[PDB]
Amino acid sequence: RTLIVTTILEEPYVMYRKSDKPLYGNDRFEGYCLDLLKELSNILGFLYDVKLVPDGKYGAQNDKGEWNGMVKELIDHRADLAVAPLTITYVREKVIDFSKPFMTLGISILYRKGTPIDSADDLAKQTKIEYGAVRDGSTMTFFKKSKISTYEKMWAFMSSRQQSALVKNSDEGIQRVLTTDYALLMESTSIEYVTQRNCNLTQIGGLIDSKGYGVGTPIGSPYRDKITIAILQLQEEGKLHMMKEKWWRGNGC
């Protein structure tokens, strides 16, 4: 029995391994999520085949309430597990079964260093500095749904002018921050990774919410609870902490 694991390319979770000759199967990939999969399969004793999600999406609902991405792969039983930086959210948890979190994160702000900006409130009350998030990701959704006045104000701005302040993916966001007067609303784990490698960038303020990434399984999956117990074991042994350090640590600034 070989489990199908849906995932998505995202540094440093899942990356194409560098090679001068064609690579095949699981050997095509490396990263934090490949290391996690190895540790999980060690503990639980399953074989697995990693498969990139065909539409290249994480999982959001459209106008008609239809799902896409890795979430949809789980719902349709085309995958057994999703192992990726898949944010645990209310809307997703209703349609798939998440394991307990293997990594914590919060939404925060990525911006260049040396400015007087110190919080989301600072961005909210002005219009000169543009700010946004990855379109249709869980960060954008948090702002779209929030009733906290500061975050409603930010969503009004982000969604204005045909969402010109939003970006298609994190890399586009990062380049926009580097080049123009732009701040990106980004998950703190990704911010840590980026600021380890771009000495001109920094996190602005603290975390505005509190959540995590979990392994996704279809509703009713017998693996969900086993995966959860494996994750708790890895946490208590210090292994999740070591894995993060391995993939996050940059060359120093």
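So that there is no doubt, residue numbering starts at 1 and follows the sequence shown. Think of the rigid core as the biggest set of C-alphas that the two forms share within 1.5 Å after superposition.
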item: RMS Cα shift after core superposition in 9 other deposited structures of this protein, winner of 38-46 and 191-199; value: 191-199
item: Which of 132-140 and 75-83 lies farther from this form in 9 other deposited structures of this protein, as RMS of C-alpha positions after a rigid core fit; value: 132-140
item: Stretch with the higher entry mean CA B-factor, where the candidates are 215-223 and 22-30; value: 22-30
item: Selected stretch [higher average CA B-factor]: 122-130 or 83-91; value: 122-130
item: Candidate residues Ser210, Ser188, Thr228, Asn198, the one whose C-alpha B factor the record puts highest; value: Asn198
item: Ranked C-alpha temperature factor of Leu74 among modelled chain residues, by third; value: highest
item: Chain thirds of CA B-factor: placement of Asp55; value: middle
item: CA B-factor placement of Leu44, once the chain's modelled residues are sorted into thirds; value: highest
item: B-factor third for the C-alpha atom of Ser108 within its chain; value: lowest
item: Third assignment of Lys168 from its chain's C-alpha B-factors; value: middle
